[PDB]
Structure formats: C-alpha cells, structure tokens
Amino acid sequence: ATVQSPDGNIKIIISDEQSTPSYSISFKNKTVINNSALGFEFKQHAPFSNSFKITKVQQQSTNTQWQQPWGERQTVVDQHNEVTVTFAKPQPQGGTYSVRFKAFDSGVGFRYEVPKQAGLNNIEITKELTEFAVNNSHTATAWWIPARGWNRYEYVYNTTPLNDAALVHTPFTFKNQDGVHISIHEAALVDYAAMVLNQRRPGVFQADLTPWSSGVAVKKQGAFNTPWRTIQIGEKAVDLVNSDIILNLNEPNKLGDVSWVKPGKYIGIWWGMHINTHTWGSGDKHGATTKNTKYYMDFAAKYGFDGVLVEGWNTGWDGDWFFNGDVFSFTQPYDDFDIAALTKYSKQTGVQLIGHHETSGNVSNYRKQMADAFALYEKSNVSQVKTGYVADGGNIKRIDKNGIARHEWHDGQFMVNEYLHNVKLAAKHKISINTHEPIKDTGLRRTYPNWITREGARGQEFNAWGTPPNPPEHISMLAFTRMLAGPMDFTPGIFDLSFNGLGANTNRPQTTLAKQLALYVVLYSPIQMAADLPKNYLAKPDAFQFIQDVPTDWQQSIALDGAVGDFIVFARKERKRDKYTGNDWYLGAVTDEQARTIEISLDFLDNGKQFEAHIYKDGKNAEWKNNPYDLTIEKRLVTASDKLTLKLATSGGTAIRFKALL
C-alpha cells in the first residue's frame, strides 16, 4: 500500500512482506526511512507481530482550514492524503488491527487503531514494536537530549553522529548527509505512555514506552488507539519549524468558548528566589508578601503587564522545599500573604495574580486539595496558574488505593492522565495552566485551549544556578527541537546579566542584551514573562520599550532562515486583539557562540504598506562574555522591497518592531 503527500514528494509504502507489517518513507524518491516494524507485545495477550497480512486499504483526503483561538498563527491549513491499512492474522492467536497514515507536504503521522475483537479485554501493552529505521544513519547528524535521565527534559542538547543517540526524548531532530532534516515526535498523547526512542541495531529507533512502576507500559480495556507518531521531513531546517502537523493531528477544541484564555505578558516574584535575593519559605527575605506583591502589581499596571506570578505564597516551603511534597497546602497562604487584600488590589489595578501550585513531585497531595485550590483561585479572580512537579526522573510520588507510596515517571500513562485531569479541572474554573516539569507538548492545546504553555526544557532559570548555565547555542537548539513540540515558558528578558559577575565562567545568561529581546519573537509562547527584577528594567527603559511593545499572539509566523544549533530568524505578524491593531510585524534573530551576518529580505511585509522599523541590535563592539550590554536602537523607514543585514554578536541577537504607518 502507498500514500503520498499532496505534492508527491513524501511517499510512504506500507508492507506485509517482512516478518511483521512495516513501513518505509522516501523523500523526493530517495529512501529516508527504511523498512520499519509495526506491532505490539502484551503482558498476557498474544502478540500483534508476525504473520499479519494486509486485507484492506481505504483512501481519503483532506483539504481544509481552521481557526485557532490563540496561537502562532490564526489560520491553520490541513492538506493531506490519508490511508487506513487493515492487517489480519488468522487464528490461533490471530487478530486484526489497522494503521492510519496521514501524509502532509511537511511530514507524516500514523497511529494504530485496534478494534473490538474476541479475547481483547483488559490488556497491558508491554512493548510497542514501532520503529523508525533511518537510512544511511552512519552519515547523519543528530541534536538530542537523553531520555530516562535524572533531570527529565532539562538537558542541554548534544550534537553527535546519529548512531551515538542511544536513548532520546522527542522531538528528536537530525539531518542526513543529503541535508534533509527529519524530526520524530508524537501528537495527541492521551491515556497512553510517552514514547522515548531507543536505538537498537544501528539507525533503528524503536518506540520505548515509559512504563508504570509495576513494569507494564499501557493499560487498556478493549478497543484502543495509540497517539500519532510523527515524522517531519524537509529540505531545510526551517521547514520543520513552519509545519502545523502537530496541531493538525489533534482533535478540535472541546472547551467551547475559550475567550477567557488571555495571551499576554507577565512579571513575577520569582527570579529573586533563583538568584537568592529572596526565599520561597518564610523569613526576613520571603518573596511572597502582600507588600512585595502590591509593588509588582503597581509596576505591572504602569508598564503594561497582565499579571504577577508569585511563588512561595502557600505554606510548605520552609526548610528544603524539594523535600516538602507531602506537606504543601494549596489553600492556606503564609501569614504575610493576604490573598483577600491582593484580590481587591487586583481589581483596583487591573493586574491579576497568577497562581502557583508546586507539588515537589507528590501528585496525590496535590490531587486531594486540587478542587479546593481552584475554588480558592476562582474566588480570588485568578485566571492562570503555574504548576510544578519538581522531582528526579522516575520519582513522581503517588499514594495508591491501599495507601502505599509508588514512584512513577513524569511521562508514563499515569502522569499523562494526571496532567490532563489538572487541565480539565482548571478549565471548569476558567483557569489556564502553565505546566513546569510537564509531559512534553503533543499539540493538546488545540483540544484544550487553556493548556497555554509549559516548560519541559532548560529555560532561563538554569542561567541563575545551572553550573554551567545554558550555552550560547542553547536557543538555536531549542528552536529546532523542543520548540517543534509547541509553546515554551522560557521566561526571557533578563536585563541585569552581571549579578554573578561577567565573563564566561559564572552562572548568568551567556548572551547579549539584544539576544534577550529577540527571545520574545524567537520562542513562541502565548504568555511571555519579563523575568527580571523590576528595578533592572527601570535601569534600561529604552531597551525595555521592546518588551512593552511586543505581542504574544500572532496571526502569522514564518521562520525565515536558520540552522540547527547555529541560528534562527523569525518574522511574526501580530494578531488583532486588545491594544494590537493586527498591522505590525515583528522579527527576532539569535545566534550561537559565533558572531553571524544574516541577509534578510523584508518581503514578508504587507505589499504597498510603509513601516517604521524599530531595530534593537547588538552594538558595534558587543560580545557576550565581557561586553554584553552594548546596544543600538535605530528607526528606519522600510517596505516589502527592502532588505536587512543582521549583524549578530557572539551569542547575540536582534529584535525589530515593524510599525505599520497610517
């Protein structure tokens, strides 16, 4: 059986001649994915492996478009060809299952659909046999983070030969020697275990499902489907970025009117704890006080921020909070945090309190208080909540039905369901969720638009204490790996880079100032933090103007140019909403450890319109180690027929507002 992308360049052949059912993929008539197995092993049920034959193929196709409530673009086009391939094995130990393939011009998605059948009752998947056999893996290059490690998704990316990527998280991005870029991920991860990729024979990446503590991967009753497995394929690195395949593979919005989900910018009592000017726990340096929160709300009201995150407001942080998962209260504030007073102040100032639920990994203590916690927040005019699950890999703590503690993975079926329960319950309170230490993004924001963002990668916080901090190449790695999954709460915008000293050997963002501004356009998120202490913004008001101006919701986005681990350039057009007319374009560019010159056409600008470019760029002598603050801000009239030369300093960047005139 064969299905092809609409343009014909991606061709998938589904076969039953190998020991198992299998598939392979060519791009422009060169094989990029060799014969790759399909099937399942179960704890008790007989396997779905060899001796299955194709009995039926059903072809259909889609050419439609839909509108996002918020996002990186307003209109999403869905054009694909589809085939459902049915496999059957005769008894004894027979069975049937289908695999549905969707072929887009930018990649392919497939999932298993196992129908109701005799003897398929309570089953436990112990292995998914799905492979991704990369052709010519010995000359391919990969950029990846390890899976099943103690620090979850929070690793810097490795640059290695593909054959050295032994056990990896997704999105898993690599290029072959032809320069074709490929990224493997999944979409609509619901009631199932996350897929890790386990390289078996060289180049053969086998699905490795993150298990329950008991050892099985997925518990199902009767007929079931898997999430989608996704393979993005493009001639250029930016072709991976500019695809909507992850969103297109998710179910449509199930929450109805979601106008109560508000993209915007926020600040927080937050960074001070990370740089040790404040504590989460009580005492003379406690961050979360009524006085401090009101001071931040005043700043937010004056400078155009929608909300103030406050961490450490609830009892349970005293001592070593990493170990306090059992004792956190999610309803009882510290005595110096007056939530009724701050509720009144929120209405006075128009600035909202952003809630915070850190679990330190104990999800049962959170679950038992969750309904009361969200009721308190709804009563308190809180519309967004940041959640947290700080614990080492495999050390989520739950209490089972018999009162016995079990350790689970953040990305097993148990936690996959636990996260979605939190999001769905929050939606009943008109609360949106920003998940730290999350499950990776698989596009579920389409189905549940209050799941607005997540961390799930090393963000700005590792630049306060990472030892080492994020390297100069980190952003240009994220853009082609983590950011392919969906929005990230990176908390950009650190203006004081000197709190630990300058140079290359201290814990600090290893970037220039202009690169911090560029992050607001390079790293998409519907909520963007201005992460620094307010006084540090007041010290640099001209630079701060870009953060005040920049939107977080876009009617269109285009990655114009880039290379994994080297650089990326984004142009985005603001969505018409709130103060934003919908006429301005924005650009952000960042580089890695190397200074880079990038030539950019401005032909993304609307034809026949005049713009005033407000350009924030590295100064002539800027360099991140000892001269990160040199900055030039320039105004220049431009139209779509003009061009720009970006001159990025070492770990530098450029941010531009293209202000539409009249």
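Each residue number is its position in the shown sequence, starting from 1.
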Inset, instruction - Would you determine, from the values in the PDB entry, which of 130-138 and 256-264 has the greater average C-alpha temperature factor? - result: 256-264
Legend entry - 102-110 versus 313-321 - which carries the larger mean C-alpha B factor in the record: 313-321
Legend entry - Residue with highest C-alpha B-factor in the PDB entry, from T359, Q348, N422, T84: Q348
Legend entry - Member of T387, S383, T159, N250 with the greatest C-alpha B factor (per the PDB record): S383
Inset, instruction - Place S601 in the lowest, middle or highest third of its chain's C-alpha B-factors, as listed in the PDB entry. - result: highest
Legend entry - CA B-factor placement of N34, once the chain's modelled residues are sorted into thirds: lowest
Inset, instruction - Would you please rank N500 by its C-alpha temperature factor against the other modelled residues of its chain and give the third it falls in: lowest, middle or highest? - result: middle
Inset, instruction - Taking the values exactly as deposited, rank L646 by C-alpha B-factor within its chain and report the matching third: lowest, middle or highest. - result: highest
Inset, instruction - Would you mind ranking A640 by its C-alpha B-factor against the rest of the chain and naming the third, lowest, middle or highest? - result: highest
